[PDB]
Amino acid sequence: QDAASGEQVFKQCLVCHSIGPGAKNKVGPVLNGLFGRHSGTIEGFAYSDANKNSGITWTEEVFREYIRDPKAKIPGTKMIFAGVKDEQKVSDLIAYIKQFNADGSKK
């Protein structure tokens, strides 16, 4: 979707997550290079067993389902957040996050 627009939806996430150059782990783990990565693998982040042992691979479709209702997808997750219900917002959000490489540089 529209990355400029996803940047604004990302503000809800920024409180707990970093993205971009120099991103560091906070309440939540860095989101650089998210798509394609296996859940619970950012080094130095203390993941819940619920996330670490889930066996999830972060594809766009799986991100989509998770973000609408995190607790429904990963019961017991430390990510206590109501989710993003709006379809367009999710599509924008995806566009924004997809811009980043694992190192925080922009594709």
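Numbers follow the displayed sequence, beginning with 1.
- Taking the mean C-alpha B-factor of each stretch as recorded, 28 to 36 and 56 to 64 are not equal, and the higher mean is that of 56 to 64.
- The PDB entry assigns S91 a C-alpha temperature factor belonging to the lowest third of its chain's modelled residues.
- Remark: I19 belongs to the middle third of its chain, ranked by C-alpha B-factor as recorded.
- Residue-level temperature factors show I80 in the lowest third of its chain, judged at the C-alpha atom.
- The deposited CA B-factor of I42 belongs to the highest third of values across its chain.
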